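Undergrad: Handing you a structure now.
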Amino acid sequence: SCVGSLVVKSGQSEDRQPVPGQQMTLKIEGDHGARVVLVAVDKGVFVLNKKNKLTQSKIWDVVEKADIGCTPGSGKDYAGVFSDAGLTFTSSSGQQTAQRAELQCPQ
Amino acid sequence: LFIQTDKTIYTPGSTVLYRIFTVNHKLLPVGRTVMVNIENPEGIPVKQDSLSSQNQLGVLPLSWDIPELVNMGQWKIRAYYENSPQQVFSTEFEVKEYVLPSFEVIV
Amino acid sequence: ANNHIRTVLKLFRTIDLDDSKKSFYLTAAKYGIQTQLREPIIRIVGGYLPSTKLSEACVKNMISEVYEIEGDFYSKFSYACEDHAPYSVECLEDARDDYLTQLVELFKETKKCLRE
Amino acid sequence: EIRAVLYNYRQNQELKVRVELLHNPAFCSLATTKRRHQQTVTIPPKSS
Amino acid sequence: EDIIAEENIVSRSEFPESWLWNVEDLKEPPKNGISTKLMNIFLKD
């Protein structure tokens, strides 16, 4: 779920269904200082083509797929564990992780 | 960059309005210049433009008026930051001959 | 409950916006007034038992107010929107919001006269 | 004193009720087997 | 009769596929860290 919290609902509590040419009040509950951008779109266009819609799940999927890690936990040893996490650990004595020279994780 | 287009299907001779959010790796607004180009299915860029997100809170509203004599199919919008042109973000909108359906069918 | 309806229809037929003005502006203004002052008060007036008496005084007040409202909308559409080109369709779009807002405020205020 | 409370819940329709207290041999009131007690009232919409 | 005249009826004309292309800022004072803005939109036809 998103870092902040945005939700849109109607100022009129229940009333009756709206009518073409009748005004309506939208209540927006967002964090202070934020800037919202609005778009109102018919549902026929979504009947015809419902692909490439924007939603929070897509954003989180895109953020997650660009991670540095490679395995959800543990490894062969400390060097493997750190590299799997996505870090480097170099000590004066010499214990340092294996070098990485490729952006995408293997297989 | 998270391209948002208001609709998902446009008739020829109609105007497309889209937005280009600009965020950094922590999902915060950032001021950097972007490049956007709109390419028909033959992969031939049509409109080239450059913007800056400075003093805009990372929201760049834009527009384009689809030419009357165009090819149908999946058009694409490609946007990328100026510094790193290797990473390209895209979103597809479809140009088609349609009239809005009156009802939805679910299977 | 129909004689009152025919009366108020006779009142809104006496409205007059001059022809010399542009066609889309005329349709915009007339559609605003029709959807904001002719549907709701026709709905209200349709629900009076016939013995009840109307009050055309506030209806003619309604019409005088809608004349000045339309005049202000036209003045804002032709002169005020200096941010855009004059006589522009999107200038009309910008001014239509507050035109209908003022108009609904007028209807809300004048809903308390239809009964004697 | 007995009160009859008439409700009308039409959104915009004024109503014309004709209430009536039927005669009862037990009590005593204006109702009689010869003459009937009728009030013809008017109920504004969404009003009691 | 009990019919609306032809000239009096005015037709719905705006049928936009997508409208309300607006950007707004939440500058109202915050309560419980959650601001609330009421905005007025006139529905299309």
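FYI the Cβ positions are ideal-geometry reconstructions off the backbone, even for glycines, and counts take in every protein chain you see. The numbers here are math on the coordinates, done by the rules we state, and not lab data.
Undergrad: Can you give me the number of residues within the stretch B:57-73 that are within 15 Å of B:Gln4 (Cβ to Cβ) and of a type outside the set (A, V, I, L, M, F, W, C)?
TA: Looking only at that region, the number is 3.
Undergrad: Separate question: Of all the residues that make up the stretch B:87-107, how many are facing another protein chain (nearest Cβ under 10 Å), under 28 Å from A:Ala66 (Cα atoms) and in a loop (DSSP other than H, G, I, E, B)?
TA: Count: 1.
The rows are residues; the columns are (1) within 14 Å of chain E (Cβ to nearest Cβ); (2) among the aliphatic types (A, V, I, L, M); (3) free of Cβ contacts under 8 Å to residues at least 40 places away in the same chain; (4) not in a strand (DSSP E or B).
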{"position": "B:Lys26", "(1), (2), (3), (4)": "no, no, yes, yes"}
{"position": "B:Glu42", "(1), (2), (3), (4)": "no, no, yes, yes"}
{"position": "B:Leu51", "(1), (2), (3), (4)": "no, yes, yes, no"}
{"position": "B:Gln56", "(1), (2), (3), (4)": "yes, no, yes, yes"}
{"position": "B:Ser63", "(1), (2), (3), (4)": "yes, no, no, no"}
{"position": "B:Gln74", "(1), (2), (3), (4)": "no, no, yes, no"}
{"position": "B:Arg78", "(1), (2), (3), (4)": "no, no, no, no"}
{"position": "B:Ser84", "(1), (2), (3), (4)": "no, no, yes, yes"}
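Undergrad: Still on this structure, I have one more. What pairs come out if I take residues in the stretch A:50-75 that are within 12 Å of chain B (Cβ to nearest Cβ) and pair them with residues that are surrounded by 10 or more Cβ atoms within 10 Å (Cβ to Cβ) whose C-beta lies under 6 Å away, six or more apart or interchain?
TA: So the pair list comes out as A:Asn52/B:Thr8; A:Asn52/B:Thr91; A:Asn52/B:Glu92; A:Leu54/B:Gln4; A:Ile68/A:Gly86.
Undergrad: Right, another one. Give just the number: which of (1) loosely packed, with under 12 Cβ neighbours inside 10 Å; (2) hydrophobic (A, V, I, L, M, F, W, C); (3) in a loop (DSSP other than H, G, I, E, B) does A:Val62 not satisfy?
TA: (3) is the only condition that A:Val62 fails.
Undergrad: So is C:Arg13 under 15 Å from C:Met62 (Cβ atoms), within 11 Å of another protein chain (Cβ to nearest Cβ) and surrounded by fewer than 12 Cβ atoms within 10 Å (Cβ to Cβ) or not?
TA: yes
Undergrad: Is it true that some residue in the stretch E:25-42 is touching a residue at least 24 places away in the same chain (Cβ under 8 Å), surrounded by 13 or more Cβ atoms within 10 Å (Cβ to Cβ), within 8 Å of another protein chain (Cβ to nearest Cβ) and in contact with an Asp or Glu (Cβ under 8 Å, 6 or more places away or on another chain)?
TA: No; the residues of the stretch E:25-42 include none that is touching a residue at least 24 places away in the same chain (Cβ under 8 Å), surrounded by 13 or more Cβ atoms within 10 Å (Cβ to Cβ), within 8 Å of another protein chain (Cβ to nearest Cβ) and in contact with an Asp or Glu (Cβ under 8 Å, 6 or more places away or on another chain).
Undergrad: Would you pick out the residues in the stretch C:73-87 that are under 16 Å from C:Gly32 (Cβ atoms) and charged (D, E, K, R)?
TA: Matches in the stretch C:73-87: C:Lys76 only.
Undergrad: Moving on to the next point. Within the stretch D:8-29, can you find the residues that are more than 14 Å from chain C (Cβ to nearest Cβ) and surrounded by 10 or more Cβ atoms within 10 Å (Cβ to Cβ)?
TA: If the condition is that a residue be more than 14 Å from chain C (Cβ to nearest Cβ) and surrounded by 10 or more Cβ atoms within 10 Å (Cβ to Cβ), then D:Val19, D:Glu20, D:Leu21, D:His23, D:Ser29 are the ones that fit.
Undergrad: Now for a different question. Would you call B:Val36 more than 10 Å from every other protein chain (Cβ to nearest Cβ), touching a residue at least 40 places away in the same chain (Cβ under 8 Å) and either crowded, with 17+ Cβ neighbours inside 10 Å or part of a loop (DSSP other than H, G, I, E, B) (or both)?
TA: The answer is yes for B:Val36.
Undergrad: Residue pairs, Cβ under 8 Å, 6 or more apart or interchain, first in the stretch C:1-28 and under 17 Å from C:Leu92 (Cα atoms), second surrounded by 13 or more Cβ atoms within 10 Å (Cβ to Cβ) and among the basic types (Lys, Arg). List them.
TA: So the pair list comes out as C:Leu17/C:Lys30; C:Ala28/C:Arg96.
Undergrad: Given the conditions (1) touching a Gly at 6+ places or on another chain (Cβ under 9 Å); (2) assigned to a loop (DSSP other than H, G, I, E, B); (3) within 14 Å of chain C (Cβ to nearest Cβ), which single one is not true for A:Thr25?
TA: With (1) touching a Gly at 6+ places or on another chain (Cβ under 9 Å); (2) assigned to a loop (DSSP other than H, G, I, E, B); (3) within 14 Å of chain C (Cβ to nearest Cβ) applied to A:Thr25, the lone miss is (2).
Undergrad: Right, another one. In this structure, does A:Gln96 turn out to be within 14 Å of chain C (Cβ to nearest Cβ) and surrounded by 12 or more Cβ atoms within 10 Å (Cβ to Cβ)?
TA: no
Undergrad: Among what's in the stretch E:9-24 and is surrounded by 12 or more Cβ atoms within 10 Å (Cβ to Cβ) and of a type in the set (D, E, K, R), pick the residue that is farthest from the other protein chains (Cβ to nearest Cβ).
TA: That would be E:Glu14.
Undergrad: Just to be sure before I move on: is A:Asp31 within 24 Å of B:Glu104 (Cα to Cα), surrounded by 12 or more Cβ atoms within 10 Å (Cβ to Cβ), acidic (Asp, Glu) and more than 14 Å from chain C (Cβ to nearest Cβ) in the structure I sent?
TA: When the stated conditions are applied, A:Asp31 does not pass them.
Undergrad: Also, quick follow-up: Any idea which residue in the stretch C:40-74 is farthest from the other protein chains (Cβ to nearest Cβ), counting only those that are hydroxyl-bearing (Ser, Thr, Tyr) and over 23 Å from A:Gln23 (Cα atoms)?
TA: Top of the filtered list is C:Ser64.
Undergrad: From the list C:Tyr99, C:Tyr25, pick out the single residue that is surrounded by 14 or more Cβ atoms within 10 Å (Cβ to Cβ), closer than 23 Å to E:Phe42 by Cα, aromatic (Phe, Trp, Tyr) and within 14 Å of chain A (Cβ to nearest Cβ).
TA: Being surrounded by 14 or more Cβ atoms within 10 Å (Cβ to Cβ), closer than 23 Å to E:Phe42 by Cα, aromatic (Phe, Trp, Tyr) and within 14 Å of chain A (Cβ to nearest Cβ) holds for just one of C:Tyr99, C:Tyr25, which is C:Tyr99.
Undergrad: Further question: Taking the criterion of being without any contact (Cβ under 8 Å) to a residue 60 or more places away in the chain, surrounded by 15 or more Cβ atoms within 10 Å (Cβ to Cβ) and among the basic types (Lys, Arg), would at least one residue in the stretch A:34-42 satisfy it?
TA: Yes, some residue in the stretch A:34-42 is without any contact (Cβ under 8 Å) to a residue 60 or more places away in the chain, surrounded by 15 or more Cβ atoms within 10 Å (Cβ to Cβ) and among the basic types (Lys, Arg).
Undergrad: For the stretch C:70-116, give me the residue count where each residue is basic (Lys, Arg), assigned to a helix (DSSP H, G or I) and touching a residue at least 60 places away in the same chain (Cβ under 8 Å).
TA: Counting residues in the stretch C:70-116 that are basic (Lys, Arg), assigned to a helix (DSSP H, G or I) and touching a residue at least 60 places away in the same chain (Cβ under 8 Å) gives 1.
Undergrad: Which condition does A:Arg16 not pass, out of (1) away from chain C (no Cβ under 14 Å); (2) over 21 Å from E:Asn22 (Cβ atoms); (3) not aliphatic (A, V, I, L, M), if it passes all the others?
TA: So the condition that A:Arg16 fails would be (1).
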